[PDB]
file work.pdb (PDB, C-alpha atoms and all ligand atoms)
ATOM      1  CA  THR A 623     -47.968 -22.599  -7.953
ATOM      2  CA  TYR A 624     -51.417 -21.044  -7.264
ATOM      3  CA  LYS A 625     -53.185 -17.958  -5.952
ATOM      4  CA  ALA A 626     -55.428 -17.194  -3.013
ATOM      5  CA  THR A 627     -58.252 -14.750  -3.831
ATOM      6  CA  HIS A 628     -60.811 -12.915  -1.768
ATOM      7  CA  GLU A 629     -64.440 -11.779  -2.084
ATOM      8  CA  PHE A 630     -66.703  -9.831   0.299
ATOM      9  CA  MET A 631     -70.411 -10.267   0.935
ATOM     10  CA  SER A 632     -73.057  -8.710   3.100
ATOM     11  CA  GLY A 633     -74.319 -10.917   5.956
ATOM     12  CA  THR A 634     -77.312  -8.569   6.544
ATOM     13  CA  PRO A 635     -80.458  -9.424   4.570
ATOM     14  CA  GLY A 636     -81.703  -6.451   2.419
ATOM     15  CA  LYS A 637     -78.386  -4.502   2.607
ATOM     16  CA  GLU A 638     -75.785  -4.401  -0.208
ATOM     17  CA  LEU A 639     -72.188  -3.597   0.547
ATOM     18  CA  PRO A 640     -71.171   0.019  -0.044
ATOM     19  CA  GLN A 641     -68.192   0.899  -2.250
ATOM     20  CA  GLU A 642     -66.133   1.851   0.865
ATOM     21  CA  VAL A 643     -66.313  -1.770   2.025
ATOM     22  CA  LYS A 644     -65.589  -3.165  -1.474
ATOM     23  CA  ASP A 645     -62.546  -0.840  -1.627
ATOM     24  CA  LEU A 646     -60.983  -2.906   1.248
ATOM     25  CA  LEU A 647     -60.980  -6.195  -0.681
ATOM     26  CA  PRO A 648     -57.444  -7.647  -0.312
ATOM     27  CA  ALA A 649     -55.188  -8.233  -3.225
ATOM     28  CA  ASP A 650     -54.619 -11.773  -4.494
ATOM     29  CA  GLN A 651     -51.846 -13.763  -2.893
ATOM     30  CA  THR A 652     -49.664 -15.229  -5.616
ATOM     31  CA  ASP A 653     -46.989 -17.898  -6.070
ATOM     32  CA  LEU A 654     -48.369 -20.296  -3.357
ATOM     33  CA  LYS A 655     -46.852 -23.708  -3.328
ATOM     34  CA  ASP A 656     -49.073 -26.671  -4.070
ATOM     35  CA  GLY A 657     -49.995 -28.474  -0.829
ATOM     36  CA  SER A 658     -49.191 -25.408   1.375
ATOM     37  CA  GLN A 659     -51.683 -23.736   3.753
ATOM     38  CA  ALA A 660     -53.316 -20.548   2.439
ATOM     39  CA  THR A 661     -54.713 -18.111   4.963
ATOM     40  CA  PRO A 662     -56.774 -15.134   3.851
ATOM     41  CA  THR A 663     -55.445 -11.582   4.156
ATOM     42  CA  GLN A 664     -57.363  -9.639   6.823
ATOM     43  CA  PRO A 665     -58.961  -6.390   5.656
ATOM     44  CA  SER A 666     -56.823  -3.292   6.441
ATOM     45  CA  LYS A 667     -59.683  -2.052   8.680
ATOM     46  CA  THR A 668     -62.734  -3.876  10.040
ATOM     47  CA  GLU A 669     -65.207  -1.019  10.471
ATOM     48  CA  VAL A 670     -66.741   1.421   7.924
ATOM     49  CA  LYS A 671     -69.239   4.109   8.933
ATOM     50  CA  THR A 672     -71.698   5.403   6.345
ATOM     51  CA  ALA A 673     -74.636   7.844   6.648
ATOM     52  CA  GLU A 674     -76.927   4.731   6.849
ATOM     53  CA  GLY A 675     -74.978   2.898   9.613
ATOM     54  CA  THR A 676     -71.842   0.934  10.342
ATOM     55  CA  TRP A 677     -70.392  -2.106   8.629
ATOM     56  CA  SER A 678     -68.243  -4.488  10.669
ATOM     57  CA  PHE A 679     -66.125  -7.344   9.361
ATOM     58  CA  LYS A 680     -67.149 -10.722  10.790
ATOM     59  CA  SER A 681     -64.766 -13.351   9.328
ATOM     60  CA  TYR A 682     -63.857 -15.376   6.313
ATOM     61  CA  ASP A 683     -65.730 -18.608   5.641
ATOM     62  CA  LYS A 684     -62.516 -20.618   6.205
ATOM     63  CA  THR A 685     -59.587 -19.389   8.260
ATOM     64  CA  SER A 686     -57.224 -21.498   6.094
ATOM     65  CA  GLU A 687     -57.239 -24.025   3.335
ATOM     66  CA  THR A 688     -54.793 -26.482   1.839
ATOM     67  CA  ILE A 689     -53.837 -25.592  -1.744
ATOM     68  CA  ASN A 690     -54.660 -28.793  -3.675
ATOM     69  CA  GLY A 691     -53.988 -28.339  -7.376
ATOM     70  CA  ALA A 692     -56.150 -25.164  -7.736
ATOM     71  CA  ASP A 693     -56.395 -21.544  -6.646
ATOM     72  CA  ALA A 694     -58.019 -20.982  -3.277
ATOM     73  CA  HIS A 695     -60.871 -18.494  -2.659
ATOM     74  CA  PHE A 696     -61.976 -16.960   0.652
ATOM     75  CA  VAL A 697     -65.349 -15.261   1.232
ATOM     76  CA  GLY A 698     -65.436 -12.549   3.921
ATOM     77  CA  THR A 699     -68.733 -11.427   5.517
ATOM     78  CA  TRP A 700     -69.529  -7.905   6.753
ATOM     79  CA  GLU A 701     -72.597  -7.116   8.837
ATOM     80  CA  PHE A 702     -74.564  -3.857   9.011
ATOM     81  CA  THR A 703     -75.904  -2.025  12.057
ATOM     82  CA  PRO A 704     -78.280   0.823  11.274
ATOM     83  CA  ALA A 705     -77.497   4.317  12.580
ATOM     84  CA  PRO A 706     -79.108   5.408  15.896
ATOM     85  CA  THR A 707     -82.879   6.023  15.689
ATOM     86  CA  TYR A 708     -85.152   8.248  17.784
ATOM     87  CA  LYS A 709     -88.687   8.381  19.151
ATOM     88  CA  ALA A 710     -91.621  10.726  18.912
ATOM     89  CA  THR A 711     -93.633  11.059  22.104
ATOM     90  CA  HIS A 712     -96.906  12.725  23.039
ATOM     91  CA  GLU A 713     -98.403  14.616  25.904
ATOM     92  CA  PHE A 714    -101.870  16.042  26.570
ATOM     93  CA  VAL A 715    -102.716  19.249  28.382
ATOM     94  CA  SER A 716    -105.900  21.110  29.236
ATOM     95  CA  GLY A 717    -106.430  24.374  27.299
ATOM     96  CA  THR A 718    -109.227  25.383  29.695
ATOM     97  CA  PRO A 719    -108.124  27.386  32.750
ATOM     98  CA  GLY A 720    -109.152  25.769  36.099
ATOM     99  CA  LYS A 721    -110.002  22.384  34.532
ATOM    100  CA  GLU A 722    -107.717  19.319  34.755
ATOM    101  CA  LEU A 723    -107.902  16.529  32.218
ATOM    102  CA  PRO A 724    -109.954  13.520  33.315
ATOM    103  CA  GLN A 725    -108.486  10.041  33.174
ATOM    104  CA  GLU A 726    -110.647   9.159  30.135
ATOM    105  CA  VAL A 727    -108.758  11.820  28.124
ATOM    106  CA  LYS A 728    -105.356  10.746  29.489
ATOM    107  CA  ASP A 729    -106.222   7.130  28.489
ATOM    108  CA  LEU A 730    -106.211   8.291  24.806
ATOM    109  CA  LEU A 731    -102.576   9.417  24.835
ATOM    110  CA  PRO A 732    -100.939   7.797  21.748
ATOM    111  CA  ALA A 733     -98.109   5.347  21.994
ATOM    112  CA  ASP A 734     -94.559   6.492  21.342
ATOM    113  CA  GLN A 735     -93.437   6.263  17.708
ATOM    114  CA  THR A 736     -90.140   4.370  17.617
ATOM    115  CA  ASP A 737     -87.261   3.624  15.243
ATOM    116  CA  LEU A 738     -87.458   7.026  13.502
ATOM    117  CA  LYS A 739     -84.449   7.801  11.310
ATOM    118  CA  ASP A 740     -82.324  10.851  11.992
ATOM    119  CA  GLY A 741     -83.298  13.678   9.567
ATOM    120  CA  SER A 742     -86.796  12.147   8.962
ATOM    121  CA  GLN A 743     -90.104  14.017   9.481
ATOM    122  CA  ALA A 744     -92.180  13.001  12.495
ATOM    123  CA  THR A 745     -95.937  13.686  12.546
ATOM    124  CA  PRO A 746     -97.858  13.176  15.760
ATOM    125  CA  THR A 747    -100.376  10.348  16.058
ATOM    126  CA  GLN A 748    -103.946  11.651  16.174
ATOM    127  CA  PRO A 749    -105.976  10.556  19.193
ATOM    128  CA  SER A 750    -108.267   7.530  18.507
ATOM    129  CA  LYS A 751    -111.251   9.788  19.213
ATOM    130  CA  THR A 752    -111.460  13.548  19.736
ATOM    131  CA  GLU A 753    -114.363  13.964  22.155
ATOM    132  CA  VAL A 754    -115.048  12.634  25.633
ATOM    133  CA  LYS A 755    -118.294  13.346  27.484
ATOM    134  CA  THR A 756    -118.283  13.361  31.321
ATOM    135  CA  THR A 757    -120.977  14.286  33.922
ATOM    136  CA  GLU A 758    -119.446  17.821  34.029
ATOM    137  CA  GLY A 759    -119.265  18.516  30.267
ATOM    138  CA  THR A 760    -117.386  17.562  27.138
ATOM    139  CA  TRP A 761    -113.688  17.534  26.301
ATOM    140  CA  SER A 762    -112.740  18.161  22.642
ATOM    141  CA  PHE A 763    -109.276  17.743  21.108
ATOM    142  CA  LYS A 764    -107.947  20.971  19.514
ATOM    143  CA  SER A 765    -104.561  20.108  17.958
ATOM    144  CA  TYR A 766    -100.925  19.425  18.568
ATOM    145  CA  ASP A 767     -98.559  22.388  19.036
ATOM    146  CA  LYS A 768     -96.879  21.479  15.730
ATOM    147  CA  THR A 769     -98.045  19.495  12.695
ATOM    148  CA  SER A 770     -94.587  17.891  12.264
ATOM    149  CA  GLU A 771     -90.971  18.200  13.351
ATOM    150  CA  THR A 772     -87.709  17.110  11.811
ATOM    151  CA  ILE A 773     -85.757  14.533  13.857
ATOM    152  CA  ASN A 774     -82.348  16.263  14.268
ATOM    153  CA  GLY A 775     -80.327  14.111  16.636
ATOM    154  CA  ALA A 776     -82.906  13.910  19.421
ATOM    155  CA  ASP A 777     -86.298  12.455  20.270
ATOM    156  CA  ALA A 778     -89.302  14.628  19.330
ATOM    157  CA  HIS A 779     -92.215  15.530  21.564
ATOM    158  CA  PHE A 780     -95.702  16.742  20.636
ATOM    159  CA  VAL A 781     -98.113  18.509  23.026
ATOM    160  CA  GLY A 782    -101.856  18.056  22.341
ATOM    161  CA  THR A 783    -104.406  20.457  23.795
ATOM    162  CA  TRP A 784    -107.968  19.469  24.815
ATOM    163  CA  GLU A 785    -110.663  22.070  25.666
ATOM    164  CA  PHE A 786    -113.621  21.735  28.008
ATOM    165  CA  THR A 787    -117.183  22.929  27.568
ATOM    166  CA  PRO A 788    -119.353  22.644  30.710
ATOM    167  CA  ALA A 789    -122.694  20.715  30.500
TER
HETATM  168 CL    CL A 801     -74.445   1.517   3.794
END
call {"tool": "encode", "arguments": {"input": "work.pdb", "output": "structure tokens"}}
result
Amino acid sequence: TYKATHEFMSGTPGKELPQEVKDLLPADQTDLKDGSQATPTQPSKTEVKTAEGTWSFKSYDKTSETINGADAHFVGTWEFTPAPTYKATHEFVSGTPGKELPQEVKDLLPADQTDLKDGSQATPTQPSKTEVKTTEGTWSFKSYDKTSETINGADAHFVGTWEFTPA
């Protein structure tokens, strides 16, 4: 007689299995008759959440094997899905009463920042330039309303003020 053993591996490049997944490795099956079919023991659960994301059991490499004069070994793969991420968006406003932003200023609104981790610090993207001259006068960027904000379970939003000086 022979045994059937198990091992787990990550199927997600750059991610090692956490101990909570390794803790689910099945026990060896013992006393298997030579020439019988061995089938791997399924893990007692197929999902493990961590602070980084969720691991989900995919399958073993073989769903059975014939015992042929040696112990059998089954390799089970788990895959990782990162925890939900958030965005940081931007908006521009005029800080000059009675003056609306021209399109040339609005055209400088930064792109959204994506794939920000929960609990991370977001800092707004600075405009590509900070002055725009028009026939009427010049627009200058002042600042965003905050220098940074912690992502705490929601998208962030930064408001940038431009001021106008007439020609
Ligand atoms: Cl993890």
call {"tool": "atom_distance", "arguments": {"input": "work.pdb", "atom1": "CA of residue 704 (chain A)", "atom2": "CA of residue 673 (chain A)"}}
result
9.2 Å
call {"tool": "residues_near_ligand", "arguments": {"input": "work.pdb", "ligand": "ligand CL 801 (chain A)", "cutoff": "7 Å", "atoms": "all atoms listed in the file", "output": "list in words"}}
result
residues 639, 640, 672, 673, 674 and 675 of chain A
call {"tool": "closest_residue", "arguments": {"input": "work.pdb", "among": "A:660, A:646, A:744, A:626", "to": "residue 700 (chain A)", "atoms": "all atoms listed in the file"}}
result
A:646
call {"tool": "residues_near_point", "arguments": {"input": "work.pdb", "point": "(-56.0, -16.1, -3.0)", "cutoff": "10 Å", "atoms": "only C-alpha atoms", "output": "MDAnalysis selection string"}}
result
chainID A and resid 624:629 648:654 660:663 689 693:696
call {"tool": "write_last_selection", "arguments": {"input": "work.pdb", "atoms": "C-alpha atoms", "output": "short mmCIF file (atom, residue, chain, number, x, y, z; two decimals), keeping the file's coordinate frame"}}
result
data_model
loop_
_atom_site.label_atom_id
_atom_site.label_comp_id
_atom_site.auth_asym_id
_atom_site.auth_seq_id
_atom_site.Cartn_x
_atom_site.Cartn_y
_atom_site.Cartn_z
CA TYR A 624 -51.42 -21.04 -7.26
CA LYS A 625 -53.18 -17.96 -5.95
CA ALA A 626 -55.43 -17.19 -3.01
CA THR A 627 -58.25 -14.75 -3.83
CA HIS A 628 -60.81 -12.92 -1.77
CA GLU A 629 -64.44 -11.78 -2.08
CA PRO A 648 -57.44 -7.65 -0.31
CA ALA A 649 -55.19 -8.23 -3.22
CA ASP A 650 -54.62 -11.77 -4.49
CA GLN A 651 -51.85 -13.76 -2.89
CA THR A 652 -49.66 -15.23 -5.62
CA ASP A 653 -46.99 -17.90 -6.07
CA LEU A 654 -48.37 -20.30 -3.36
CA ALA A 660 -53.32 -20.55 2.44
CA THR A 661 -54.71 -18.11 4.96
CA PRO A 662 -56.77 -15.13 3.85
CA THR A 663 -55.44 -11.58 4.16
CA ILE A 689 -53.84 -25.59 -1.74
CA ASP A 693 -56.40 -21.54 -6.65
CA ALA A 694 -58.02 -20.98 -3.28
CA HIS A 695 -60.87 -18.49 -2.66
CA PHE A 696 -61.98 -16.96 0.65
#
call {"tool": "residues_around", "arguments": {"input": "work.pdb", "residues": "region 733-739 of chain A", "least_positions_apart": "6", "cutoff": "10 Å", "atoms": "only C-alpha atoms", "output": "ChimeraX atom specification"}}
result
/A:674,704-712,745-747,749,772-775,777-779
call {"tool": "residues_near_point", "arguments": {"input": "work.pdb", "point": "(-65.2, -10.8, -2.7)", "cutoff": "7 Å", "atoms": "only C-alpha atoms", "output": "MDAnalysis selection string"}}
result
chainID A and resid 628:631 647 697:698
call {"tool": "write_last_selection", "arguments": {"input": "work.pdb", "atoms": "C-alpha atoms", "output": "PDB file, in the frame of the given file"}}
result
ATOM      1  CA  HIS A 628     -60.811 -12.915  -1.768  1.00  0.00           C
ATOM      2  CA  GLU A 629     -64.440 -11.779  -2.084  1.00  0.00           C
ATOM      3  CA  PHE A 630     -66.703  -9.831   0.299  1.00  0.00           C
ATOM      4  CA  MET A 631     -70.411 -10.267   0.935  1.00  0.00           C
ATOM      5  CA  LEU A 647     -60.980  -6.195  -0.681  1.00  0.00           C
ATOM      6  CA  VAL A 697     -65.349 -15.261   1.232  1.00  0.00           C
ATOM      7  CA  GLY A 698     -65.436 -12.549   3.921  1.00  0.00           C
TER       8      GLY A 698
END
call {"tool": "atom_distance", "arguments": {"input": "work.pdb", "atom1": "CA of residue 637 (chain A)", "atom2": "CA of residue 771 (chain A)"}}
result
28.1 Å
call {"tool": "residues_around", "arguments": {"input": "work.pdb", "residues": "residue 767 (chain A)", "least_positions_apart": "3", "cutoff": "12 Å", "atoms": "all atoms listed in the file", "output": "VMD selection string"}}
result
chain A and resid 712 to 715 717 745 to 746 763 to 764 770 to 771 779 to 784
call {"tool": "decode", "arguments": {"input": "work.pdb", "residues": "region 736-770 of chain A", "atoms": "N, CA and C atoms", "output": "CSV table (one decimal), in the first residue's frame"}}
result
chain,number,residue,atom,x,y,z
A,736,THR,N,-5.7,56.1,-10.8
A,736,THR,CA,-6.5,54.8,-10.6
A,736,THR,C,-5.7,53.8,-9.8
A,737,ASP,N,-6.4,52.8,-9.4
A,737,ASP,CA,-5.8,51.6,-8.8
A,737,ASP,C,-5.1,51.9,-7.5
A,738,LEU,N,-5.6,52.9,-6.7
A,738,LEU,CA,-5.0,53.3,-5.4
A,738,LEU,C,-5.5,52.3,-4.4
A,739,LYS,N,-4.6,51.9,-3.6
A,739,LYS,CA,-4.9,50.9,-2.5
A,739,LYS,C,-5.6,51.6,-1.3
A,740,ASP,N,-6.6,51.0,-0.8
A,740,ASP,CA,-7.3,51.4,0.4
A,740,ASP,C,-6.2,51.6,1.5
A,741,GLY,N,-6.4,52.8,2.3
A,741,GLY,CA,-5.5,53.2,3.3
A,741,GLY,C,-4.2,53.9,2.8
A,742,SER,N,-4.0,54.0,1.5
A,742,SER,CA,-2.8,54.7,0.9
A,742,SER,C,-3.1,56.2,0.9
A,743,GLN,N,-2.0,57.0,0.7
A,743,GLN,CA,-2.0,58.4,0.6
A,743,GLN,C,-2.1,58.8,-0.8
A,744,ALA,N,-3.1,59.6,-1.2
A,744,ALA,CA,-3.3,60.2,-2.5
A,744,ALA,C,-2.8,61.6,-2.5
A,745,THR,N,-2.0,62.0,-3.5
A,745,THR,CA,-1.6,63.4,-3.7
A,745,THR,C,-2.0,63.8,-5.1
A,746,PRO,N,-2.6,65.0,-5.2
A,746,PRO,CA,-3.2,65.4,-6.5
A,746,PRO,C,-2.0,65.7,-7.5
A,747,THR,N,-2.4,65.4,-8.7
A,747,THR,CA,-1.5,65.6,-9.9
A,747,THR,C,-1.4,67.2,-10.1
A,748,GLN,N,-0.2,67.7,-10.2
A,748,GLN,CA,-0.1,69.1,-10.5
A,748,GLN,C,-0.4,69.3,-12.0
A,749,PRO,N,-1.1,70.5,-12.3
A,749,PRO,CA,-1.3,70.8,-13.7
A,749,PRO,C,0.0,70.9,-14.5
A,750,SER,N,0.0,70.5,-15.8
A,750,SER,CA,1.1,70.5,-16.7
A,750,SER,C,1.8,71.8,-16.8
A,751,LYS,N,1.0,72.9,-16.7
A,751,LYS,CA,1.5,74.3,-16.6
A,751,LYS,C,0.5,75.0,-15.7
A,752,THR,N,1.0,76.1,-15.2
A,752,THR,CA,0.3,76.8,-14.1
A,752,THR,C,-0.1,78.3,-14.5
A,753,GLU,N,0.1,78.6,-15.8
A,753,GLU,CA,-0.4,79.9,-16.3
A,753,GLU,C,-0.9,79.7,-17.7
A,754,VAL,N,-2.0,80.5,-17.9
A,754,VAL,CA,-2.6,80.6,-19.3
A,754,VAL,C,-2.9,82.0,-19.5
A,755,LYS,N,-2.4,82.5,-20.6
A,755,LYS,CA,-2.7,83.9,-21.0
A,755,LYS,C,-3.8,83.9,-22.1
A,756,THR,N,-4.8,84.8,-21.9
A,756,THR,CA,-5.9,85.0,-22.9
A,756,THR,C,-5.9,86.5,-23.3
A,757,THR,N,-6.8,86.8,-24.2
A,757,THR,CA,-6.9,88.3,-24.6
A,757,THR,C,-7.3,89.1,-23.4
A,758,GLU,N,-8.0,88.5,-22.5
A,758,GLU,CA,-8.6,89.3,-21.3
A,758,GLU,C,-7.6,89.5,-20.2
A,759,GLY,N,-6.7,88.6,-20.0
A,759,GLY,CA,-5.7,88.6,-18.9
A,759,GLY,C,-5.1,87.2,-18.7
A,760,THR,N,-4.6,87.0,-17.5
A,760,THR,CA,-3.8,85.7,-17.3
A,760,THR,C,-4.5,85.0,-16.1
A,761,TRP,N,-4.6,83.7,-16.3
A,761,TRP,CA,-5.0,82.7,-15.3
A,761,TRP,C,-3.8,82.1,-14.7
A,762,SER,N,-3.7,82.0,-13.3
A,762,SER,CA,-2.6,81.4,-12.6
A,762,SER,C,-3.2,80.3,-11.7
A,763,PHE,N,-2.5,79.2,-11.6
A,763,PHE,CA,-3.0,78.2,-10.7
A,763,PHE,C,-2.5,78.6,-9.3
A,764,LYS,N,-3.4,78.4,-8.3
A,764,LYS,CA,-3.1,78.7,-6.9
A,764,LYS,C,-2.6,77.4,-6.2
A,765,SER,N,-3.6,76.5,-6.0
A,765,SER,CA,-3.3,75.2,-5.3
A,765,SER,C,-4.5,74.4,-5.3
A,766,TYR,N,-4.3,73.2,-4.9
A,766,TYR,CA,-5.4,72.3,-4.5
A,766,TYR,C,-5.9,72.6,-3.0
A,767,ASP,N,-7.1,72.2,-2.7
A,767,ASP,CA,-7.7,72.5,-1.4
A,767,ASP,C,-7.1,71.6,-0.3
A,768,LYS,N,-6.5,70.5,-0.7
A,768,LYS,CA,-5.6,69.7,0.2
A,768,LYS,C,-4.4,69.2,-0.5
A,769,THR,N,-3.3,69.1,0.2
A,769,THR,CA,-2.0,68.6,-0.3
A,769,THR,C,-2.1,67.1,-0.5
A,770,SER,N,-3.0,66.4,0.2
A,770,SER,CA,-3.0,64.9,0.2
A,770,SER,C,-4.3,64.5,0.9
